[PDB]
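Down below is the structure, laid out as structure tokens.
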Protein chains: 4
Amino acid sequence: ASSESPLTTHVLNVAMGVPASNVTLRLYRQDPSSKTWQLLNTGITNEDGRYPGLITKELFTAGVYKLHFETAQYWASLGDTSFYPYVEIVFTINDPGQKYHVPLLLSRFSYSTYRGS
Amino acid sequence: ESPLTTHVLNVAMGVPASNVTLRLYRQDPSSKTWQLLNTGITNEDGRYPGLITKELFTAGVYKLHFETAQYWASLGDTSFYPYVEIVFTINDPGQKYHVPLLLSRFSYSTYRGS
Amino acid sequence: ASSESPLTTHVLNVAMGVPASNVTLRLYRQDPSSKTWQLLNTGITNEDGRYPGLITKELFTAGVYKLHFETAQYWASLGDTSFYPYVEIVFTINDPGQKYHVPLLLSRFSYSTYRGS
Amino acid sequence: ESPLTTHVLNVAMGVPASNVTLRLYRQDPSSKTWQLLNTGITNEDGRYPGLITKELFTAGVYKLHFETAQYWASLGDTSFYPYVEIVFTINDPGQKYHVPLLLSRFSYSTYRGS
């Protein structure tokens, strides 16, 4: 197969039509018993708005995951205010045998996400 | 009071998209061309009251056409889409249909609202 | 003026083209010093997917707010699985003199939001 | 290797939209009509490799047309949009352009991707 992470993301700046590079992100998984969030990885998006290596196949077990993006810091770095201090996407992985692509389409006053591929 | 309504939002700036030229058409089943029904410009809230009278809202396929690149040019910007058309089926002349359009320079989205 | 709440929402089930009624939601505001979240209101969306009275004008002061929607419970009530256990939208109110409309467009495998009007 | 790519996702079900008929046009500047360039059907990943050769990717206005209602009918469903057209400006024949389309029965979204 491929050595790419089974969970991937892609942040697009839809206001300017370019990848959102330099966005700080963090990945967590919830403890099903305590409901607390365990930090698994942190990163900054690359020039194509992606973050290779978000998680390894070994650690991508079934559970509830959270991706957290520092959206206001991204817009501030471009000199702009924005509506959302950060964006969190919380999602259920029942079958860790699949690939999951979790993109984020961003403007200063809107965002959207989907289970892409 | 029009059964068909719209609402255009500038989601890059978080404001209604005012002063957007729009045109409404119905597909002509004979000629297989688009029959123009109305033209106007969105108001300060990005809406256009009075798009069509209930008496003319027959079942069929309709098209809303929005002059999106002209809008962004009026704000001093370029953009990816010369215009945006939404083609949709009205099968119940007795229901209300709301057709929002969310715009940025490099994306757009639409849905049946309420 | 109007006696409507200055903050409003509208949840649309875009898979079926109808308002998402019966969705449990909760509104919080963050303490700027402790960073903790204070619960301000809870509600269930109505037949039009809205929740009148989310907050009063008196209590809608400047700050960081969070709307939390019980999305998986909504889909489960329709007999469907879905990707997101819940959705949170975190947003900055610097000028509480404005109206803020914070809609949520929902399907089982996608959602989007914007600062509407 | 086509400089123009697409990707159609069924966001209601969280899967690629396979078997969607699409057509690519370029606006004809003389006749002011749409010139058909290519037709095909999305693959199992919702993509269509080979939409246009670089030699034919000249600057201009292009249209991608997707047979959305036929797709939902193939899944046993009705839907609001007979088809979806995305009309976009290519001003740099040397760049790559990716044009995703996100579909549900009652919404759609598009953006310039990467």
| Using Cα pairs under 8 angstrom and six or more residues apart, how large is the relative contact order of the range C:18-98, in percent? | 30
| query | Per-residue HN-Hα couplings for the range D:31-39, Karplus 6.51 cos²θ - 1.76 cosθ + 1.60 at θ = phi - 60°, whole Hz, x for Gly and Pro? | reply | 7, 6, 10, 9, 8, 6, 10, 6, 9
| task | Evaluate peptide C:77-87: per residue, the Cβ atoms of other protein chains within 10 Å of its Cβ; return the mean as an integer. | result | 4
| note | Here, residue D:30 and residue C:57, labelled 7 Å along Cα→Cβ, have an inter-label distance in nm of 6.4
| query | Given the convex hull over the Cα atoms of the protein assembly as shown, what projected area results after averaging over all orientations, in nm²? | reply | 23.3
| request: Over 31 Å between C-alpha atoms is what I'm after, so list which of A:35/C:35; C:99/D:96; B:32/D:63; C:66/D:63; A:35/A:57 land there. | output: C:99/D:96; C:66/D:63
| task | Give me D:2, D:79, C:77 ranked fewest to most by other Cβ atoms within 10 Å of their Cβ, as a rough exposure proxy. | result | C:77, D:2, D:79
| request: With a/c under 1.5 counting as rounded, go ahead and sort chain C into rounded, prolate or oblate using the C-alpha gyration tensor (a ≥ b ≥ c being the square roots of the eigenvalues; past the cut-off, prolate if a/b is larger than b/c, else oblate). | output: prolate
| remark: Between the alpha carbon centres of the range D:16-77 and the range A:1-70 the gap in Å comes to 32
| Estimated inter-spin distance, residue D:98 and residue A:73, nm [label 7 Å along Cα→Cβ] | 2.5
| query | Using 1/(1 + (r/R0)^6) with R0 = 41 angstrom and r between the beta carbons of residue A:1 and residue D:75, what's the FRET efficiency to the nearest 0.05? | reply | 0.90
| message | Taking a virtual spin label 7 Å from the Cα of residue B:55 along the C-beta vector, which residues in the range B:29-44 bring their backbone nitrogen under 18 Å of it? | response | B:37-39
| task | Take the range D:4-110, drop everything but the C-alpha atoms, weight them equally and run the Debye formula without solvent; then report log10 I(q)/I(0) at 0.09, 0.14 Å⁻¹ to two decimals. | result | -0.23, -0.54
| task | Order by neighbour count: C:101, B:65, fewest other Cβ atoms within 10 Å first, most last. | result | C:101, B:65
| query | Rounded to the nearest 500, what is chain D's calculated 222 nm mean residue ellipticity when only DSSP H runs of at least 4 contribute -39500 (n - 2.57) each, over all residues? | reply | -1500 deg cm²/dmol
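A short reminder: the numbers here are calculations on the coordinates, not readings from a lab. Every residue, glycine among them, receives a Cβ derived from its backbone with ideal geometry; neighbour counts consider all protein chains shown.
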